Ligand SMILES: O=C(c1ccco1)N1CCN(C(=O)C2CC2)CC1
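Before any questions on binding or motion, here is one chain by itself as structure tokens, the form deposited without this ligand.
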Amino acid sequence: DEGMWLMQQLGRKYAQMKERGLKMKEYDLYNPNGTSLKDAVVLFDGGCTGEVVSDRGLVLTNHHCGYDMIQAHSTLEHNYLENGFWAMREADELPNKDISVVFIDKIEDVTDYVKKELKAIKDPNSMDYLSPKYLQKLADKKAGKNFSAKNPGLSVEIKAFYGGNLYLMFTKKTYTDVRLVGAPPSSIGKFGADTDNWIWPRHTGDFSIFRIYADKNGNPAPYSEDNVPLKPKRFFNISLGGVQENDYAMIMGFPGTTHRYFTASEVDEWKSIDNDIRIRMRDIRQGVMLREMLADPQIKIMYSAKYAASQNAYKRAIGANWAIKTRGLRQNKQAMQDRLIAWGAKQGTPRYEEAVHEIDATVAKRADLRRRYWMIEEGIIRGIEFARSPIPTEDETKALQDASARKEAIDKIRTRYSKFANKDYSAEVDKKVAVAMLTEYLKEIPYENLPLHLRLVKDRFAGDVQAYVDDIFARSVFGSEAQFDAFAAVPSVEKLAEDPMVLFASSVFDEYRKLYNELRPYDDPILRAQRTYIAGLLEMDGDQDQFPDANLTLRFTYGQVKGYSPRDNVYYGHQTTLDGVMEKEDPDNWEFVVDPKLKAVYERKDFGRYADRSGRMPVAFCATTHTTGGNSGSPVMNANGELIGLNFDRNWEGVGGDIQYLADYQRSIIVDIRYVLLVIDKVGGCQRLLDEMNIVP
């Protein structure tokens, strides 16, 4: 609804944005033929968003965006992840291998060009109109002969939008020398740890600082000691004016994916198959893991990360199913498609109703296969660790059935066994997880649809799941270290070909691949019908109040700084403060430890020019902007285009926003720039970073 607009759509949205509080001139925010604020936005490390905040190429992004770089530069002597990092001179900024920042130099509507090229149709059902290989061939053709060589640092890309009804060509400028400049300690950068993920109120200072480096002429260059900071076309001014309830706020970033044009049948499928299976299977897996972690402190250490990784999409699916149940998402897709069908009937064009029918019939046809795919993926592929135990290759088997190739094959198998049964793997915890997961899977998947090895539960073990799992470990070469070593001393192909763990792993991966192959053909009639469906929606109501689905491209969104009521008699305001961090402090809980330097700043009220009018220290705020994954680190702007914060999350009540924007619940969770500037100053003591920024009072 309130969307993720293309840069091209700024002209037709400008009057609405000005009516809502925007004060800056249109072309100062985005101009296709000149420097604008869009030039200060980057795609950071291929997923996150970032922003240039100085004339020396300083870049701000989230702490979770720069986490890998902070961890790669951390040692037991200098633990930057735990204590933070603050380069006191430019020469101290740490280079990062395999990093990139992408500027969106130009954006061009190439729809007529692509549609003309597509007319050279050999097959009307061809999926080349969505093919990245085909679209790249069109981009190179339009850009010219050896474009990347004639314009170093530049590259061109064509993307489909609106289901193949609009195409844009992006000219990108990529920098690969991007150095670590500063980061708060993890106690600030990830304060709520996984407890506060998807949660508002939020008290996390989710930021990290980098710097773009380039050759002497500002042109992209890989890491070199001779590289100099980039002087950019444009950078953001930092506002110290803060935010008030109802203030206009806007964001630019790279949202990843949305499903705004789902039919009501696709919403039902998402709920009843995807979400219900993920919820059910992860609840079983997590329940067993938690019981084992709570009983043995060593199991808690080994399984804490695996448990946290399972919980993230579990929480997302709970949040998504809450919107489907309470916000009428299915009903609103049903009303949208019925309105298009009625309009098509009145215009004498039945192709829109035919397209919606095709989608519904494909969804109904693939239901059993999709249910079987999600059951095996959630239940076994992800659910059971020994499903990813070693499977001897075609060549490895041959190199065991008269040369030194046997010791080579055994070394490869040993390396894979040592990765599977690593320092964090408990065979006992895995057997208990497998028994509960397989019991549920065997109740849901009939005998005829089981992976072949799982048929032994009924046929060989009289339905005893525990005995079938016990037998896998008791007899397998990968059941324990002593069992592997006995095999490694006298390795026979006959033993491997009949190994219960190998047969289980092979069998479950066989079924998983077979289901994937049988389901893949159903995606194409839905995609082709969506091209017709979205064309109808656009022709009927226009490209004014319906944005194209996110597809990892540059978008803007606007709204207001505003809280919301999550439930009866409860209101969450628009801004959190440093007092809220102190309320959450728990010294004996690593997730909620408070940095001593930050605690003393709060006690002393050493907030300087960063506190609000009442003398309170702001931490984070929330806004009615429409964001999703891909918007981590996005710049949040004032009515004047000044930086007021960095987006870092969205509340669980707004996960349904990827299908239907929720005005009364969905909020972007943003770290206040005043809190960013307080941490750099009072916790990092890195004054040179403050001095190079253009700070407006």
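The numbering used is simple: start at 1 and walk along the sequence shown. Rigid core: the largest C-alpha set superposing within 1.5 Å between the two forms.
Averaged as a root mean square over residues and superposed structures in 9 other deposited structures of this protein, CA distances to the shown form are larger in 281-289; the pair compared was 229-237 and 281-289 with a core fit. For the pair 96-104 and 474-482, greater average C-alpha departure from the shown form in 9 other deposited structures of this protein after core alignment is found in 474-482. At least a third of the other compared entries skip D402 while keeping the residues on either side.
According to the entry, the stretch of the deposited sequence that connects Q401 to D402 contains 1 to 3 residues lacking coordinates, which leaves a short gap in the model. Note on 66-74 vs 635-643: mean CA B-factor is higher in 66-74. Averaged over CA atoms, B-factors in the entry run higher in 541-549 than in the other of 249-257 and 541-549.
Across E396, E444, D360, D268, the greatest Cα temperature factor reported in the deposited entry is at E396. You'll see in the entry that, of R280, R371, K495, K333, the Cα B factor peaks at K495. When the modelled residues of the chain are ordered by C-alpha B-factor, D664 sits in the lowest third. Ranked against the other modelled residues of its chain, the C-alpha B-factor of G657 as given in the entry falls in the lowest third. When the modelled residues of the chain are ordered by C-alpha B-factor, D55 sits in the highest third. Annotation for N219: CA B-factor lies in the highest third of the chain's modelled residues. Per the deposited record, the Cα B-factor of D579 falls in the middle third when ranked against the other modelled residues of its chain.
Beyond what is shown, the protein has a form deposited with this ligand bound; the following relates to that form.
Remark: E358 does not count among the residues lining this ligand in the bound PDB entry, judged by a heavy atom distance of 4.5 Å or less.
Contact annotation for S506: none of its heavy atoms lies within 4.5 Å of this ligand in the bound PDB entry. Residue contact check for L400: none of its heavy atoms lie within 4.5 Å of this ligand in the bound PDB entry. Mapping the unseen interface onto this chain, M302 counts among the residues with a heavy atom inside 4.5 Å of this ligand in the bound PDB entry. Interface residue among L496, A421, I413, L515, judged by heavy atoms within 4.5 Å of this ligand in the bound PDB entry: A421. Proximity to this ligand in the bound PDB entry, taken as a non-hydrogen atom within 4.5 angstroms, holds for one residue of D470, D296, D524, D274, which is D296. The stretch from 421-429, 112-120, 234-242, 388-396 that comes within 4.5 Å of this ligand in the bound PDB entry, counting heavy atoms only, is 421-429.
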